[PDB]
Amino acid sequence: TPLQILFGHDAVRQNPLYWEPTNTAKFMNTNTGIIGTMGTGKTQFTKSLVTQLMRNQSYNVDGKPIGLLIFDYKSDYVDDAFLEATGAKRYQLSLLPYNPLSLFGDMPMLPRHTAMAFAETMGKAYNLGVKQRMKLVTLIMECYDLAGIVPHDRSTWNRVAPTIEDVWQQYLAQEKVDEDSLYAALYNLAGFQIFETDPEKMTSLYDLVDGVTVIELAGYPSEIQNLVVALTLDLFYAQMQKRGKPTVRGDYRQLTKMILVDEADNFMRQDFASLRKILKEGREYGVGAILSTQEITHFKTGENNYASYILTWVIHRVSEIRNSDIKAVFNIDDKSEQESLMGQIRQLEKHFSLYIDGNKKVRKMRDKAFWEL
């Protein structure tokens, strides 16, 4: 009865290789790195994983459904077959029906916590300076006030949140309207009406992720794309904290939601707070993250690197690799294996990968691709 995803088959033994994300003996967390350069069919693998998860959520602990949120940078998750097999809903970057400024949590000054994280996310996305970030928090607090939401009074926290449009309107209605990078970012963010403008039409993001949900980011500058991913993740994280812990029976933990970011390299480099929070804290809420990338490079970077939270790896071929990367991903100090792994990863063929399971066992693999399903 345990949820099994067929990743592929052993390169030599030919035996089926399974992923068991509910089984905490085999996998402590569901966090997953999928790596590959162009022409290695990694996206065909990622799609199999997702299609199977959607198909086999029946086997989830208590048979509970598994929400999957996919951030699709390159329009790779919207072919007819894939949407047919998953029943995936698609959202374009127009009037997204959720509101970054809506309130979740019970911390004191809750509205200010939300404004500050929003300002920090937007500051990172557009490289805004200290003063702009502060100004943004100030304008948002004024928008919360106009809406009867006030930081010292927690009884006002269930009222309808202002939206990004109200913040832009507030920017314009100032006595001194600076014509700077924040003005430009807001003019544009609001002009494209990326998020729903009507405070009343905002729905719950967390619940919006029922089944396979695709947010397609293609055709928008990387500032807006990254902003949408990070703001969606900030909001998601806040809701997830308030929804409780999954049912645990023996070695088996129920899976509630998964998040996928495909072409994650540039987003990861920006170091958005909420991604790290989800990778670290998702486990107890039944949430995991999958990061699909071209390079391995950006998994090792910084203290508490992304690698440090990822137990499952499916490494396809990569042009550029370093020793730092093998230490990061494989976690092996001896300089000789690093080289065979490196050259071996360099030699890997289309639809072949090095699968690292949750007990750190490496196995060359031939992927079960989506078309083969």
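We number the residues from 1 along the sequence you see.
Trainee: Which has the higher mean CA temperature factor in the PDB entry, 147 to 155 or 292 to 300?
Mentor: Per the PDB record, 292 to 300.
Trainee: When the Cα temperature factors in the entry are averaged, is it 216 to 224 or 242 to 250 that ends up higher?
Mentor: The recorded data point to 242 to 250.
Trainee: Checking the record values for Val50, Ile70, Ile34, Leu341, which has the greatest CA B factor?
Mentor: Of the candidates given, the C-alpha B-factor peaks at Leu341.
Trainee: Among the chain's modelled residues, which third holds the C-alpha B-factor of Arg276?
Mentor: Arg276: CA B-factor falls in the middle third of its chain.
Trainee: Place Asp265 in the lowest, middle or highest third of its chain's C-alpha B-factors, as listed in the PDB entry.
Mentor: Middle third, going by the recorded CA B-factors of the chain.
Trainee: Would you please rank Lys176 by its C-alpha temperature factor against the other modelled residues of its chain and give the third it falls in: lowest, middle or highest?
Mentor: It falls in the top third of the chain.
Trainee: Among the chain's modelled residues, which third holds the C-alpha B-factor of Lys124?
Mentor: Lowest third - that is where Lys124 ends up once the chain's C-alpha B-factors are sorted.
Trainee: Lowest, middle or highest third: where is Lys201 by C-alpha B factor in its chain?
Mentor: Ranked within chain, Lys201 CA B lands in the highest tercile.
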